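These notes are about the structure you will find just below.
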Amino acid sequence: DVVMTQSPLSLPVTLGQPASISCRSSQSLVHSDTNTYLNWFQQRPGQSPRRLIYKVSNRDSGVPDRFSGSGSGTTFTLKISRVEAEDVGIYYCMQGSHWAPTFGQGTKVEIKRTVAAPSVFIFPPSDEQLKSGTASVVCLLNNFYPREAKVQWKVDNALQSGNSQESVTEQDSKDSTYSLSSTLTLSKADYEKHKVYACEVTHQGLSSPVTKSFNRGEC
Amino acid sequence: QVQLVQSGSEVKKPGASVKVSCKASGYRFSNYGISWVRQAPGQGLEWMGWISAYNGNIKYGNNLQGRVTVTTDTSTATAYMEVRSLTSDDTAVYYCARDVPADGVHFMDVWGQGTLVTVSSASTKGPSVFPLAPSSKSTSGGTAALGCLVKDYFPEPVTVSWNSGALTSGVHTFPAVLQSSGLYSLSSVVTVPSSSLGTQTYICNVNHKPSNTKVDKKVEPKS
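In the order they appear, the protein sequences are chains L and H.
According to the authors' numbering, the residues represented by the first sequence are 1 to 27, 27A to 27E, 28 to 214, in order.
According to the authors' numbering, the residues represented by the second sequence are 1 to 52, 52A, 53 to 82, 82A to 82C, 83 to 100, 100A to 100D, 101 to 215, in order.
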């Protein structure tokens, strides 16, 4: 069957700058009816694919003019004349001309945006979880860019190691910023051993590292 | 109004079978085919099969053992896909898409929302929802952040809504993290006006379809 080779796997673009995604094919997509048949689909996170282009260059209903298709034979390209924040997602090329319809690997398109500093929040463990025998302390870095941010846990001012996990949201489809949750998980005994719990955040948007802390007794 | 609606999440034991559904609206169902595509989590799209209510014609990409069977009921405009003798490698999201009625070019112009099928020998586990209460430590002037922590659930997914869907603006539900226990955990947070902490109600609607778990947790401030 036809092998769709898509390049690149990841494509970071600045707002208002063009984007170019190439799709090569093992066999020519020119069909016997003399029309070339290549589709382009867009998959936003958690959603199903949405068809943007059919027949190499034809835009589907509701597809902005910024998306453009072109190509011939084995080599095709999707272009975004000016990339907007709502263009986050994975892009697939598909051929339906041959017996087994085949897709490309997919291209993740990331947005490059102006620096925005995180808003840092800290949530102490709830009392139910403490009753359960575990303590999860949550540090939330909200609405920042770039993705790169250092979060360090300190318990009684001793830097922590190996007991926390990070999760990053998808790049926001409107302001192109990220959010990050660092969760420090301990047993209730380890939690009661100390009193001061703090998360220290370093980011390009912050002139100096920001620390948020609480005392185990109050809040 | 051309629309394809698929069934909910599914978890099955190795060896069992699953039958995803796909109900069509907005077009004459008998004039179109249906293509089924598999997307393994984090992987690319893989075409599985095609079935035409117009012809009765069926195509399968790779099915020498007869484990997959695509069917249709034209009377109720519904396509089905059935997978038998399930394996952990069958864990994936399955899509149906409207497709060509005869042997032309497949277009797959409209897709369904998808159906996550998970295969594990382990028991399904319900999540523990704990409040991330808003406080002075979670406030930066005029905005306050609050949330809930959905902890120790298997398998995926959990859907988190706020106030039964009435609060969606500013909601960040984080992707799940794999814990040492093999159970999943995530947090869902939302930023609201701090002046409205006294007058507004914020409730977590945590829904875990595989465990039939529906938890509502009210998040209230702490001083």
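In this text, a Cβ means the ideal position worked out from N, Cα and C, and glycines have one as well.
Candidates the options: closest to residue i by CA position
i	options	result
H:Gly65	H:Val102, H:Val82, H:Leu108	H:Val82
H:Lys58	H:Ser132, H:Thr116, H:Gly100	H:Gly100
H:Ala98	H:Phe122, H:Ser120, H:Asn31	H:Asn31
H:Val163	H:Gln39, H:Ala76, H:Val182	H:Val182
L:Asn158	L:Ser131, L:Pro141, L:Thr197	L:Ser131
H:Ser156	H:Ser74, H:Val198, H:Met100D	H:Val198
L:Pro59	L:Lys74, L:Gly68, L:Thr70, L:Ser67	L:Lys74
L:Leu33	L:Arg39, L:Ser27A, L:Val196, L:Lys107	L:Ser27A
L:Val191	L:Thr129, L:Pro120, L:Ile21	L:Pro120
L:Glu105	L:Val115, L:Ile21, L:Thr129	L:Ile21
H:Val111	H:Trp103, H:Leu124, H:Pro149, H:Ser153	H:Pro149
L:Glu79	L:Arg61, L:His189, L:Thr178, L:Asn30	L:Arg61
H:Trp103	H:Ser35, H:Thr71, H:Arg28	H:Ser35
H:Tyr53	H:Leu45, H:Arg28, H:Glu46, H:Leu82C	H:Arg28
L:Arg39	L:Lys169, L:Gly212, L:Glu187, L:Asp28	L:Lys169
L:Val27C	L:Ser174, L:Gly68, L:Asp1, L:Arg54	L:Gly68
H:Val169	L:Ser174, L:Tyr186, L:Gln160, L:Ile85	L:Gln160
H:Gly33	H:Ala114, H:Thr116, H:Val96	H:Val96
residue 283 of chain H	H:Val69, H:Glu46, H:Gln171	Residue 283 of chain H is absent from the structure shown; chain H starts at 1 and stops at 215.
C-alpha gap between residue i and residue j, whole angstroms
i	j	result
L:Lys126	L:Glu143	35 Å
L:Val83	L:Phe139	16 Å
L:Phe36	H:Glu10	26 Å
H:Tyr79	L:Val3	28 Å
H:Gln1	H:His100B	21 Å
L:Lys103	L:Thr72	15 Å
H:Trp50	L:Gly91	12 Å
H:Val37	L:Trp94	15 Å
H:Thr87	H:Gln43	11 Å
L:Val110	L:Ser176	19 Å
H:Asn62	H:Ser186	57 Å
H:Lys201	H:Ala16	18 Å
H:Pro126	L:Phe118	7 Å
H:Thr77	H:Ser84	27 Å
H:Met48	H:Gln105	16 Å
H:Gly134	H:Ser215	17 Å
H:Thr151	H:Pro167	11 Å
L:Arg108	L:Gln17	11 Å
H:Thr165	L:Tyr173	12 Å
Residues bridged to residue i (per DSSP)
i	result
L:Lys74	L:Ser20, L:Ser63
H:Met48	None, per the DSSP bridge assignment.
L:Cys214	DSSP, once it has assigned bridges, lists no residue as partnering L:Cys214.
H:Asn199	H:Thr151, H:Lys206
L:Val196	L:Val146, L:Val205
L:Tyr140	L:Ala111
Contact belief for residue i with residue j at Cβ below 8 Å, rounded distance in angstroms
i	j	result
L:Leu15	L:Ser171	7 Å
L:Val13	H:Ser179	With 8 Å as the limit, L:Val13 and H:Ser179 do not qualify as a contact, their Cβ atoms being about 29 Å apart.
H:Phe146	L:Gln124	So it is not a contact: roughly 18 Å between Cβ atoms.
L:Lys149	L:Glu195	6 Å
L:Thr97	L:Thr129	Not a contact, Cβ separation roughly 47 Å.
H:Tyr90	H:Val109	6 Å
L:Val146	L:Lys207	L:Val146 to L:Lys207, Cβ: 10 Å. No contact.
L:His198	L:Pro113	6 Å
H:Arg94	H:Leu4	7 Å
H:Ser203	H:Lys117	6 Å
Minimum Cβ-Cβ distance from residue i to chain B less than 8 Å
i	result
L:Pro44	Of the protein chains in this structure, namely L and H, none is chain B.
Near the ligand NAD: residue i beta-carbon under 7 Å from a heavy atom
i	result
H:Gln6	Absent from the structure shown: the ligand NAD. Ligands present: none.
Stretch-stretch touch, CB-based, cutoff 8 Å, three pairs: the region 164-171 of chain L with the region 198-212 of chain L: no
At least 3 beta-carbon pairs within less than 8 Å: the region 190-201 of chain H vs the region 134-145 of chain H: yes
Segment contact, 8 Å Cβ cut-off, at least three pairs: the region 12-20 of chain H with the region 39-59 of chain L: no
Cβ contact check for the region 156-175 of chain H and the region 15-31 of chain H: 3 or more pairs under 8 Å: no
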